Amino acid sequence: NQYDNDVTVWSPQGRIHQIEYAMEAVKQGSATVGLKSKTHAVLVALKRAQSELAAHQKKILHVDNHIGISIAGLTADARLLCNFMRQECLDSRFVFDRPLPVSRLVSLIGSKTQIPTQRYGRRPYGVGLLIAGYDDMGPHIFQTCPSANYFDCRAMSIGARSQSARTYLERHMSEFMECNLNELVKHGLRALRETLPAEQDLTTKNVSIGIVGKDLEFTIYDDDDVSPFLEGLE
Amino acid sequence: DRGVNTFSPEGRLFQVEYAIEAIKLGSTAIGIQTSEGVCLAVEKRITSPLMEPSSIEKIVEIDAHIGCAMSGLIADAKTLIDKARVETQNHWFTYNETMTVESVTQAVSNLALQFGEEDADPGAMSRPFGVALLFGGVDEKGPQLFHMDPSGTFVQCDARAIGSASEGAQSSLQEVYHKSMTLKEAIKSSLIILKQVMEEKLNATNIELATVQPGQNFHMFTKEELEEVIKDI
Amino acid sequence: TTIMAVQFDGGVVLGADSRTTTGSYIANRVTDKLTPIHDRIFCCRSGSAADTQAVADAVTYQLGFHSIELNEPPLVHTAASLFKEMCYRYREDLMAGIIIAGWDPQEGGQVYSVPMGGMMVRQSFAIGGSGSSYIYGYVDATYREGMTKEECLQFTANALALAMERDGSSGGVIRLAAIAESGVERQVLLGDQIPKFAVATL
Amino acid sequence: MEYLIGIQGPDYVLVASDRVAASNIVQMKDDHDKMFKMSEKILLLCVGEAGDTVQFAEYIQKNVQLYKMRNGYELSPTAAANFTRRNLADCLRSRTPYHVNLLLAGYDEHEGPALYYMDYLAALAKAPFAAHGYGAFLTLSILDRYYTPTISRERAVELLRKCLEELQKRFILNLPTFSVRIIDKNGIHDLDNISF
Amino acid sequence: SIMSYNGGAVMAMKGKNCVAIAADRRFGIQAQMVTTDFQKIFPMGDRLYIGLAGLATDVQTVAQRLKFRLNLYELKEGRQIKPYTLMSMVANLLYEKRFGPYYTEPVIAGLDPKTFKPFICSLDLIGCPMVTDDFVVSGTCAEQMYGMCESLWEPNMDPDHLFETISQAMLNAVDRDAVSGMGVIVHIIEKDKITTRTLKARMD
Amino acid sequence: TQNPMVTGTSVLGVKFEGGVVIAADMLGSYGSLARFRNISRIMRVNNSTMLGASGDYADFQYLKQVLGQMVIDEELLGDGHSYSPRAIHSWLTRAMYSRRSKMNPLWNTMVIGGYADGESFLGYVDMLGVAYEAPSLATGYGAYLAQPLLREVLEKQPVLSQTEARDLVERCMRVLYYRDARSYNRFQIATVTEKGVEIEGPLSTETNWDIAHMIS
Amino acid sequence: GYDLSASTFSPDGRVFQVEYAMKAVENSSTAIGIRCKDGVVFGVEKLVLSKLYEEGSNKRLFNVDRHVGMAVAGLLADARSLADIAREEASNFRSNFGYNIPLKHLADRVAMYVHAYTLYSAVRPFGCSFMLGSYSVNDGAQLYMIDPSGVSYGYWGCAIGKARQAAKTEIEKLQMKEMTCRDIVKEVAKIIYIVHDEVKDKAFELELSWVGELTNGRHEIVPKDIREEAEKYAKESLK
Amino acid sequence: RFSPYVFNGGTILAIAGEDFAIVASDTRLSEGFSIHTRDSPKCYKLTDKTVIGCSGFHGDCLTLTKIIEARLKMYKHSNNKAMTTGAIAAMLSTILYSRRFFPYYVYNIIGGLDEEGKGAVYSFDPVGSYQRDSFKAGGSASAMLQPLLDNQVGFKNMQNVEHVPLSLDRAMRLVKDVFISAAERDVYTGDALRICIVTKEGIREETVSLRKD
Amino acid sequence: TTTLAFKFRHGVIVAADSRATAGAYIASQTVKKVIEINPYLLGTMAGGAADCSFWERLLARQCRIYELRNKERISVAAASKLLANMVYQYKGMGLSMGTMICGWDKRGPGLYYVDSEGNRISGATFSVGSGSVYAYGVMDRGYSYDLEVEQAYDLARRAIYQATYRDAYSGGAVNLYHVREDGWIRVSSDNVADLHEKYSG
Ligand SMILES: [Cl-]
Ligand SMILES: [Cl-]
Ligand SMILES: [Cl-]
Ligand SMILES: [Cl-]
Ligand SMILES: [Cl-]
Ligand SMILES: [Cl-]
Ligand SMILES: [Cl-]
Ligand SMILES: [Cl-]
Ligand SMILES: [Cl-]
Ligand SMILES: [Cl-]
Ligand SMILES: [Cl-]
Ligand SMILES: [Cl-]
Ligand SMILES: [Cl-]
Ligand SMILES: [Cl-]
Ligand SMILES: [Cl-]
Ligand SMILES: [Cl-]
Ligand SMILES: [Cl-]
Ligand SMILES: [Cl-]
Ligand SMILES: [K+]
Ligand SMILES: [K+]
Ligand SMILES: [Mg+2]
Ligand SMILES: [Mg+2]
Ligand SMILES: [Mg+2]
Ligand SMILES: [Mg+2]
Ligand SMILES: [Mg+2]
């Protein structure tokens, strides 16, 4: 009612309804999963196709050799934020000749995304990200939110029916650190599969995979390239 | 009354949702992608016999290898089409190569959500564009059809309808589409479908059709070429 | 111009000649080149009079406001830093060679040089201006660690007198200031009070 | 080096200009036109620095034509001359001065024929006859010698020719042909080129 | 010299209840005469005139921009400007361009619109004003003009004597200047009339 | 800076097994005048990195201010990443090039020495953004007088011990005191190893003047 | 309605938008600061909302200068923004004046920034309160707290968030003026455990930091071994 | 009066074969009458198919190569493919021209494979005029190298000799010979010769010692 | 450099040498000085190579945008004017460009000279570059509007050849193009050394 249209209006309960509403854009996105071992960070995403003849929306984006992201929520906000991340990475290599540490990039996102939450006529970013990275401190999975908060994760899922994927991830997370890459991706896929209606399955058409690690620059696997990972599942 | 950058409780921007509803006021356009090229077809929607049908241009050349079909608020589409033309020429200038269909579509789609009223230049965009676009072309990935709507979401489609009868037309596209379909079959199918969904009787003056093929540049069908295809249907 | 400052246990001594020239016309023969910046902080000015007056006025303003905000006496090092920031930033538009000296309760008596170009260094004693060239030898030979206030005032007066004899751009009276926890004591040496060293006649 | 000349009779203004575009030691065009039609009864003749000359004249031309479209009638020759002067003067001390020398010739229904001279500094003088270029040094005295205020147009074309023959004889530059136009109550008339 | 590129001369002179202002008529570019009827003196009121020597373009610009300001002033104030006030207006206009000046050094001559007291002054190119009780001169023959004015001017001249004095001062001064002359115009300003004359003058 | 004011002369550096040594005298000259005789022209940047600067001392003090604050800012994060010697050298290259490109240089020639992940780092940057790495470096007159001696030793023996590199540096500083009229016989030596950055000084060289009696 | 803009007073002279921002702070879990003989110790009850998060995610303790720590409660994105403002203020102070910013001045400067967001329809107040702590030989131990209105005061002990009162009651029992940082960290842990509602929120991490003679005036995380003993002391005291 | 440029020496060379490109440079970095270092190559890998050689003012070489590196990544991100050798050349032309009124004091030569897998060389002036070449020398000793290449690769001024395709083996021998010749006469060319060979299999590296005087 | 062009009954002939120099050093003998702006328009390169190539490439971009927006090919007049208006803003900054814009539109064959000094003029024949004076001599003695196609090719070729002989800064190969109503064609490329053997023995 009177407290829900402006990001500058606190409610009498100490909440900001426009931020809460922006978070609903992420909850209604298709599910994506991120997880890590001691050597690799992996993203797995379900792609929606609007109709049976459409390609399936891209969910996983390259940021730098050591960083990629999976998105949920408004696609145009995801591109805007991905372009910001890309630029911050390029600047770091230009100035310092070294990769931007992943935690520092996430801090920059938090700062950039907080600004419009405090100014009249601006709005939150309507996108949540899972960020996979590898640097001197090893692999990382971070989560960013429309609130501008961010989280350092052992693993995470965001989007529609992601509560299921989160339950799988908690169930198996004691295994992740010591997993080989193949095992780790399989865990990611199993978690993502929990989000699906009973009839439906993971296919080469609806799964996208992103991987980065010690010996592996951030790489996206789609369509026929996800087949190796989908076989010997179940 | 609320601001243009207000989220609904469902996490959508009201203005974008409303712009998407404006697309439904547009005339029907169809795109089909085949291994032999893409066709784009559009209902002109003539409102008076005194109007010159050739002055309705709902399919436009972006560059020699890329065309674009539009539906919705047509005047809004002009700055989008011009941006697509200018970007392809910038890319040619800088890189001495043709820009991909996906890249052109991405460039245009980055204008979607650049609206709002306290942040930007003295008379910047006040609202989203009430337009959906089908970009059809050929690059080194082969023939490609992309769809974009006012959210700035863009996606490759094997076949897609937009505008008022797009439900309807999309169902028939599911029925007739197949990956090995020839361009000539796709052209026939899109006119059969337009013929079903159009309120007026289809003829060679109240539709437009264009193709792009690996062979040849963007080609708008002339009246006589339309007449020829219309005979079978 | 010749300027000088010297540290002792509990304070500083500052001094200057009093000559301002345009070409070889003496436009002011009794210039006061020792400018108070705060209760116990002074600067000695050399170079362009317009530049050094402008910069000193601006620092006085900045340091005053700072000191009210902190509700404490300013550090000598802060005064010097403020001069340095302005002299360095605007080094291409200023001709200013400054000595900052004073007392504060944290570090006691201190002398800083901010020469042309806007570097800053703490020194036991500092000299500057056109006439300083003629007294490097003298100060290097005469300086002794542990001088008293009364000895430092003598050392400064002697050095300035020697510079003033030789440098056409220096002369007039010797203005001296001693600064300590107790305050500021100013005096002028004029005429026969200026230390005298014979011309080497015959 | 470019030559302009104007001669104002009782009810007409005669103007001529050389037809050469030169660069270094070569003529690169021998049918060049240095006259710009501003309106039905106004010519601007413009010489000077390359680029500046056409850019300035065409700006003035478009603005004179705009005034006609906005208002339904034309600027007078005098108003057009002052508008030109204002622009040149306003640019003199700017980042974009125009290094141009001009004549403006016109006929006004109520005021009759007018010829205006302007230099690159934007000093404006009305004159019965005038000339720009190094060729003016050799021809102005011929005009002073033979002109009268009531000079007929047949006689004025002779006087013009004497000036042009003097350039052929005495001037070091090769200026073999000239554009010639006359303005009167009936508008702008092209005459034959005067050629050697 | 920028100031000598066009040449030219102006002067003003005070009489009993009258003032005079005069100027040469030449418009030339360095050695070359271009016209012989170039206006250098401009009405700023029924009994108030400004004469400008110096660079012809700026003579014209300053006259025009001054007229702009004066017309607005008179519309707003609902009165004719006083001579001293016009001087101040001109000074302000010139000094606005202190760091890229107009190359003109004006003289003003008039009678107060209510009291009819005589006024004359001159200004330098950046707007420094000088009021006198006798005469003022500006132009490429200032020295020649000073010599004639110093020798001929007397206090409290009637309009006929003022006319002869300013005329003789101008004619003989410009005849020793290569780049001033080609005619002389003289305005005599009185309470009840303006008398404008061109002089028989050398044309070399 | 358009016109340097108080300036420093040569800076030397050499790699050795397990570290890097840099040296610089403690003089700020004002033209020919040996004006400020006890200034440090070397900075500890962080635990792995040190810097020495020739040229305008005010401009060095500015770089020290900026770089020092950059290291503080990074330390506040407490996040396990630190600027490497190579990163600092990169940053400095960019900073000098950028100022050069605005026609307002920082009037310095610098030597960056470091040790990180078992590798000795030694890099040069000048006021125009010319930068490179080498086993030894010498700015100013050091380029003419010290660098030949450094390179001659390195050619016979590319891997030096700490003590060998230290003795070689002392020999160079002596030569510079004999032959650079803007030098001074009071210097610092800074060393970086696994253990961090140590700055030693004030130091002096012994000199020999026997040649004074060998003219007739 | 009178509660929609920070540029509107209510008829009783309140600024409800600032009060609502304060409610965001009061909903957050508790953070405490205690000044003692030789430094300042911070502790935070850091609620773990998912077992999927890394230990250390969503820190509420920050270094804002080498000698200054900051402890926060409320909306965390706002708090991080303020930590960046504090950092910039400290850095600018050093560049301009040439020495480390005095804590009281830093507090006053950031408080004025917070205050600037309480006057205008164009922006909203920060939904956070924060403490700043430092130690030096010259200035001793100092602990300040700043709220969403921009008020700044100095404290012997302070608590912010939902169990603020319960925490202050426990802090009041300590003779902190005579205790060392090593003694006080235990007491901080103890008090966080006392005020934690283990039925209504299931899982928390204790976050601890300190600045004092024992850290040479540097703000640092409490070493892991000392934190773990402090937790064991707190748990056993809960008995 | 500050000068923003200095000359740092360096010679570069590229040769296009039917299925290879060679890019070569000496490794001396100079200033005035001094050597900064003997181990400063002037070749930079851009992609698996493209190498660039850069000589002239080292400050600009370093900046320009970093700008190119950033731009390749930006391209890959926006277009989802690596830039071709031709597109790199076109882009570089525009980057150079952006500094038309404060130029990059750099001579650039690109060597790589084109889209049919054939050797390609593009040569540039400092403001970005460029063309495709069969071979090209640049930098300090370019007037010494270029005529021999004209003669031996172009067959110029030679009668009664068969115009055979250039083998990799012969290209390598020519490259080594012209650099050895240049090291005798150009004071700036010396220390070592670094050679990059770009083929379908990747980029390989050889180095040859040159005189150190 | 030597470039030339002329209008005649059958379109516009455009010819150039291929030499680039840096001081007295011959930097290239294979420069393409006839710039293919689009299929109905040619430009030529003289003065600064980068300057001509960059600004004519921008011209090409703008002409294509024009064609897309207006649904018809830009005129030679309008194309040459775009180029003139682009470079005018940079006068005095040291651009060096001397170009001929050559086409065939609704007014028939079109030929404009455009340069970095601000000149823009239509004409029947032009030559531009350090060797232009030598080309003018030969071209002027042979030129007519009614030249047969092969006679026009021979004249253009010979005028460039003779310029290469006298002008140290011209040489290499002569490249010849013919603008016809349905587009331009490349007519020949002849090495000067081979032309020497032909025009003598
Ligand atoms: Cl989504
Ligand atoms: Cl979306
Ligand atoms: Cl959140
Ligand atoms: Cl979610
Ligand atoms: Cl639709
Ligand atoms: Cl003074
Ligand atoms: Cl000084
Ligand atoms: Cl000084
Ligand atoms: Cl002095
Ligand atoms: Cl004196
Ligand atoms: Cl005005
Ligand atoms: Cl010192
Ligand atoms: Cl240090
Ligand atoms: Cl609270
Ligand atoms: Cl060729
Ligand atoms: Cl256009
Ligand atoms: Cl023309
Ligand atoms: Cl040329
Ligand atoms: K003296
Ligand atoms: K050599
Ligand atoms: Mg000054
Ligand atoms: Mg100009
Ligand atoms: Mg005279
Ligand atoms: Mg005469
Ligand atoms: Mg040698």
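So that the names make sense, note that chain A is the first sequence line, chain B the second, and so on, each numbered from 1. Reckoned from all heavy atoms, side chains included, excluding hydrogens, waters and symmetry mates.
Within a 6.0 Å radius of OH in D:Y134, other residues, nucleotides and ligands contribute 12 heavy atoms or fewer. By the 6.0 Å contact criterion, CZ on I:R166 is open, its count of non-hydrogen atoms from other residues, nucleotides or ligands being 12 or less. Annotation for I:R61: atom CZ counts as buried by contact number, over 12 foreign heavy atoms lying within 6.0 Å. Summarising the local packing, CG of D:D190 is surrounded by more than 12 heavy atoms from other residues, nucleotides or ligands at distances under 6.0 Å. The neighbour count for D:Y67 OH, taken as heavy atoms of other residues, nucleotides or ligands under 6.0 Å away, is above 12. In the displayed structure, I:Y165 atom OH is contacted under 6.0 Å by at most 12 heavy atoms of other residues, nucleotides or ligands.
Among residues at least two apart or in separate chains, there is no ring-ring contact (aromatic ring centres under 6.0 Å, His included) pair with a member in residues 164-194 of chain D.
Between D:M28 and I:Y136, some side-chain heavy-atom pair lies under the 4.5 Å cut-off. For the pair D:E49 and I:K91, the minimum side-chain heavy-atom distance is below 4.5 Å.
Listed by sequence position, I:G118, I:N119, I:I121, I:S122, I:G123, I:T125, I:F126, I:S127 are the residues of residues 118-130 of chain I in contact with chain D, using a 4.5 angstrom heavy-atom cutoff. Inspection of non-hydrogen atoms places no residue of residues 115-123 of chain D under 4.5 Å from chain I.
Checked against side-chain contact (heavy atoms from CB on, under 4.5 Å), I:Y199 has the following partners two or more places apart in sequence or in another chain: I:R157, I:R158, I:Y161, I:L195.
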